[PDB]
Amino acid sequence: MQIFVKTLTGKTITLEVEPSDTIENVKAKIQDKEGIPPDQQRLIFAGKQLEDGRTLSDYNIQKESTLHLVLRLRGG
Amino acid sequence: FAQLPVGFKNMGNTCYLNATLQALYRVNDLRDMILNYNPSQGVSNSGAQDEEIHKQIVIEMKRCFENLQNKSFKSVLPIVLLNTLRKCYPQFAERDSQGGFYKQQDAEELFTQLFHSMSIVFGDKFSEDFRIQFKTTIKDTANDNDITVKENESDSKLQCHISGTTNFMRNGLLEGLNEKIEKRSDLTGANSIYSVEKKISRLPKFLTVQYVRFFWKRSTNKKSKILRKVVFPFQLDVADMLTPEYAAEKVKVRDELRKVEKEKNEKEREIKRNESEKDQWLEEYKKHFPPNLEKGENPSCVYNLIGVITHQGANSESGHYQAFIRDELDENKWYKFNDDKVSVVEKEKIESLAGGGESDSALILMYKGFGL
Amino acid sequence: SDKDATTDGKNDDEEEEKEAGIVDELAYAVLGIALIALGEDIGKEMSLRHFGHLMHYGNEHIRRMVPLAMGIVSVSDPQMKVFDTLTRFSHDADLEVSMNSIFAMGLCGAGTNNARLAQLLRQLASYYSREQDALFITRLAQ
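Residue numbers (the working numbering), protein chains in the order written: chain D, 2 to 77; chain L, 944 to 1315; chain A, 9 to 150.
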């Protein structure tokens, strides 16, 4: 499965993954090639967040889709 | 003396919740639906056992909002809601070393999670209210040999991606809904650069646009925050990001409504020298709305500004979110919600939140459909 | 009794002996208020009110400056019965002095609500000062 990830700099890169794989694998693979650490990553699709415990078929996430990546920030 | 609503007292390490809720309740359908909740509202059934946690969260908003409207009150508790959220997502339930207490993150993520919960309870028909549907054409640069059309791509707010392309919000929205996708796949070729243009195919009745402010520095390997000045118009027109067909429909309705809006702005000043008078105008306004209007759609392509979440101070890794909401009775009168410190501020104070610097600057902008 | 007497001596003396000394006795009262706030908490409550009537009894010659200056500060201090007693002096010729009282006192009254009890005194005072293009005047003197 080929998916698209819109980064913080608004450029789309591809990622090679599986619909049975967890979001933790998805985020691990972006860590290898960009350096971003999973626990700051947020993968969005449909305006809905895809948590670490989700996969990429819970929300019907197939190929030619674009996930929108945004980053965390602490405080309160 | 005068009538003014109540606020939330921050426990500490909780503002990411408190700040966001205020903006949402300005939205007219939002506040209505939480009040008129029954334990018989149809759910998007496919199974799932967290549908029931979503129910509990919507009850907590309803009572927070009842506290907020009524004066027998000066503080609204988030404590029951905090407990529900920590059960629901176990990322907020950790423990910091040398700092203390329960993990603090993220007004963006938080608005996403809150709309998710509401859409389960109030169905996919409620999902359409803030949800934007696009027409995406994925097409090669030069002659097309591989094409896909996606409307199943969707969002519930726009992501204005700053890359130093912002001096105005529209530019950065336009360069983050315009993009180039590089491939790593075999066609009869490979690594074909595709031009992708997403255009809005369905306007929301309530618009949200978030500025993206974060970056991963790769030249030092540490998180920084982008700081930039971006003027946002109070009156936002999205005409250029729609396809010609859809733009033609909404711009003609908009120009007639602007005639009646002009006519009000003249009449208002004279009678000076209110709610009922707005309703007499509303009955006039609705007549120029199109007869093909559907659910979860603005009758115009224009929105007005009802909320700005600001984030102040130093780095990301740190944050105390105060917020600005617009009064629900006024149109140029804004309330500053600095937790339970509630005050009236003017248009000039809202304008100043364009940012750059350690000062207040924008992360999330809430609008709503129907010019006035 | 002591707080009312200190003021009452000053007023009574100052009319009867001459009348150019009337202007001087006003300064004692201003300083008396500052002394009475660090000296006794209870004593302060009485002396605020006595000041406004210090002015009216003695028939000071400066009716423009002193009630307005007192009035801002005396909102924090307890006992809003103070404003009522300032306005008995301020009344002079109506809508001369009294315009500034109305303007200043309507701000502090609308702006601050901190008890509906406190609000009642603040309202009563403004309405006293005005009549209708100086219909009558008040002088404590004969």
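All C-beta atoms in this analysis are idealised placements derived from N, C-alpha and C, irrespective of residue type, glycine included.
Legend entry - Proximity test, Cβ basis, 9 Å: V1019 (chain L) and chain D: What you label residue 1019 (chain L) is simply residue 76 of the second sequence in a count that begins at 1. It does not; no Cβ of chain D falls within 9 Å.
Legend entry - Touching by the beta-carbon criterion (3+ pairs, under 8 Å), the stretch 1190-1201 of chain L and the stretch 1233-1253 of chain L: yes
Inset, instruction - Put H64 (chain A) into one of helix, strand or coil per three-state DSSP. - result: Your numbering for residue 64 (chain A) matches position 56 in the third sequence. Note: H64 (chain A) maps to helix in three-state DSSP.
Legend entry - Contacting positions in the stretch 109-120 of chain A - beta carbon closer than 9 Å to chain L: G117, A118, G119 and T120
Inset, instruction - Compare the C-alpha of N1258 (chain L) against each of L:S1135, L:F1044, L:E1051 and L:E1301 and name the closest. - result: Here residue 1258 (chain L) refers to the residue found at position 315 of the second sequence. Checked all of L:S1135, L:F1044, L:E1051 and L:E1301; the closest Cα to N1258 (chain L) is L:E1301.
Inset, instruction - Could you pull the start and end residues of the alpha helix (DSSP H) that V74 (chain A) belongs to? - result: If you number the third sequence from 1, residue 74 (chain A) lands on position 66. Residues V74 to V81.
Legend entry - Residues from the stretch 955-977 of chain L in contact with chain D, defined by Cβ distance under 8 Å: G955, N956, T957, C958 and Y959
Inset, instruction - For the stretch 15-32 of chain D, enumerate the residues whose C-beta is nearer than 8 Å to any C-beta of chain L, in chain order. - result: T15 and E17
Legend entry - As assigned by DSSP and simplified to three states, the class of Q3 (chain D): On the first sequence, residue 3 (chain D) is found 2 positions in, with the first residue counted as 1. Strand.
Legend entry - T1253 (chain L) in three-state terms, based on DSSP: On the second sequence, residue 1253 (chain L) is found 310 positions in, with the first residue counted as 1. Looking at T1253 (chain L) - three-state DSSP - the assignment turns out to be strand.
Legend entry - Partners in chain A for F944 (chain L), counting only beta-carbon separations shorter than 9 Å: Start at 1 with the first residue of the second sequence, and residue 944 (chain L) comes out as number 1. What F944 (chain L) touches in chain A: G117, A118, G119, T120, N121 and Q127.
Inset, instruction - Give, in chain order, every unbroken run of the alpha helix (DSSP H) that is at least 4 residues long and sits entirely within the stretch 1017-1089 of chain L. - result: 1022-1031, 1050-1064 and 1067-1070
Inset, instruction - Determine, using beta carbons only, whether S58 (chain D) comes closer than 9 Å to chain L. - result: Residue 58 (chain D) sits at position 57 when you count from the first residue of the first sequence. With 9 Å as the cut-off, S58 (chain D) does not count as an interface residue toward chain L.
Inset, instruction - Within the same chain, show all residues whose beta-carbon is closer than 6 Å to that of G29 (chain A), passing over the 5 residues directly before and after it, in chain order. - result: As a position in the third sequence, residue 29 (chain A) is number 21, starting the count at 1. Correct list, in chain order: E22.
Legend entry - Residues bridged to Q1153 (chain L) [DSSP beta-bridge criterion]: Here the question's residue 1153 (chain L) lines up with position 210 in the second sequence. The partner list for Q1153 (chain L) (beta bridge, DSSP) reads L:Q1102 and L:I1307.
Inset, instruction - Count the C-beta pairs between the stretch 41-53 of chain D and the stretch 22-31 of chain D that are closer than 8 Å, then say yes if the count reaches three, no if not. - result: yes
Inset, instruction - Identify, in the order they occur along the chain, each residue of the same chain with its Cβ nearer than 7 Å to the Cβ of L947 (chain L), setting aside the five sequence neighbours on each side. - result: Reading the second sequence from its first residue, position 4 is the one you call residue 947 (chain L). Result list for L947 (chain L): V1285, in chain order.
Legend entry - Residue range of the beta strand (DSSP E) that includes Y60 (chain D): What you label residue 60 (chain D) is simply residue 59 of the first sequence in a count that begins at 1. Segment: none, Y60 (chain D) is in no beta strand (DSSP E) and carries neither H nor E.
Legend entry - Three-way DSSP call (helix, strand, coil) for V31 (chain A) in this model: On the third sequence, position 23 is the one that residue 31 (chain A) refers to. Correct three-state label for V31 (chain A): helix.
Inset, instruction - List the residues of chain L whose Cβ lies closer than 8 Å to the Cβ of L9 (chain D), in chain order. - result: Residue 9 (chain D) sits at position 8 when you count from the first residue of the first sequence. The contacting residues are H1104, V1155, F1157, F1158 and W1159.
Inset, instruction - Could you tell me the distance, in whole angstroms, from the CA atom of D1129 (chain L) to the CA atom of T1084 (chain L)? - result: Against the second sequence, residue 1129 (chain L) aligns to sequence position 186. Against the second sequence, residue 1084 (chain L) aligns to sequence position 141. Computed Cα separation, rounded: 16 Å.
Legend entry - Closest Cα partner of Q131 (chain A) within the set A:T146, A:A112 and A:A142: By 1-based counting over the third sequence, the position of residue 131 (chain A) is 123. Minimum Cα distance to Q131 (chain A) is reached at A:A112.
Inset, instruction - Compare the C-beta of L44 (chain D) against all C-beta atoms of chain L and say whether one is closer than 9 Å. - result: Looking up residue 44 (chain D) in the first sequence gives position 43. For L44 (chain D), the answer is no, since every Cβ of chain L falls outside 9 Å of its Cβ.
Inset, instruction - Examine chain D for any beta-carbon lying closer than 9 Å to the beta-carbon of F1280 (chain L), and answer yes or no. - result: Sequence index remark: in the second sequence, residue 1280 (chain L) carries index 337 (1-based). It does not: the Cβ of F1280 (chain L) has no partner Cβ on chain D nearer than 9 Å.
Legend entry - Option in L:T963, L:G1312 and L:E1003 with minimal Cα separation from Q1178 (chain L): Position 235 of the second sequence, counted from the first residue, corresponds to residue 1178 (chain L). For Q1178 (chain L), the nearest C-alpha among the options comes from L:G1312.
Inset, instruction - Can you give me the start and stop residues for the beta strand (DSSP E) that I45 (chain D) sits inside? - result: Mapped onto the first sequence, residue 45 (chain D) falls at position 44. Residues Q42 to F46.
Legend entry - Per DSSP, cross-strand counterpart(s) of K11 (chain A): The sequence position of residue 11 (chain A) within the third sequence is 3, counting from 1. In the DSSP output, where bridge partners are listed per residue, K11 (chain A) has none listed.
Inset, instruction - Tell me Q50 (chain D)'s beta-bridge partners as DSSP assigns them. - result: Sequence index remark: in the first sequence, residue 50 (chain D) carries index 49 (1-based). Paired residue(s): D:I45.
Inset, instruction - Kindly say whether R75 (chain D), judged by its beta-carbon, lies nearer than 9 Å to any beta-carbon of chain L. - result: In the first sequence, residue 75 (chain D) corresponds to position 74, counting from 1. Yes, contact with chain L.
Legend entry - Amino acids of chain D, ordered along the chain, whose beta-carbon sits closer than 8 Å to that of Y1032 (chain L): Your numbering for residue 1032 (chain L) matches position 89 in the second sequence. Going along chain D in sequence order, the residues near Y1032 (chain L) (Cβ under 8 Å) are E52.
Legend entry - Check whether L94 (chain A) and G60 (chain A) have beta carbons under 9 Å apart: For this step, residue 94 (chain A) is matched to residue 86 along the third sequence. For this step, residue 60 (chain A) is matched to residue 52 along the third sequence. Going by C-beta atoms, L94 (chain A) is nearer than 9 Å to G60 (chain A).
Legend entry - Backbone CA spacing between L128 (chain A) and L1272 (chain L) [nearest angstrom]: Position 120 of the third sequence, counted from the start, is the residue given in the question as residue 128 (chain A). Position 329 of the second sequence, counted from the start, is the residue given in the question as residue 1272 (chain L). Rounded to whole angstroms, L128 (chain A) to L1272 (chain L) spans 29 Å at the Cα level.
Inset, instruction - Determine the DSSP secondary structure at residue 1369 (chain L), reduced to helix, strand or coil. - result: With chain L running from 944 to 1315 in the structure shown, residue 1369 (chain L) is simply not present.
Legend entry - Residue from L:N1095, L:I1063, L:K1207 and L:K1142 whose Cα sits closest to the Cα of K64 (chain D): Counted from its first residue, the first sequence places residue 64 (chain D) at position 63. It is L:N1095.
Inset, instruction - Return yes when the Cβ of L72 (chain D) is within less than 9 Å of the Cβ of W1159 (chain L), no when it is not. - result: Here residue 1159 (chain L) refers to the residue found at position 216 when the second sequence is read from its first residue. Here residue 72 (chain D) refers to the residue found at position 71 when the first sequence is read from its first residue. In contact: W1159 (chain L) and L72 (chain D) (Cβ atoms closer than 9 Å).
Inset, instruction - Go to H69 (chain D), then tell me how far its beta strand (DSSP E) extends in each direction, as first and last residue. - result: The count along the first sequence starts at 1 and reaches residue 69 (chain D) at position 68. Here the beta strand (DSSP E) through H69 (chain D) covers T67 to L72.
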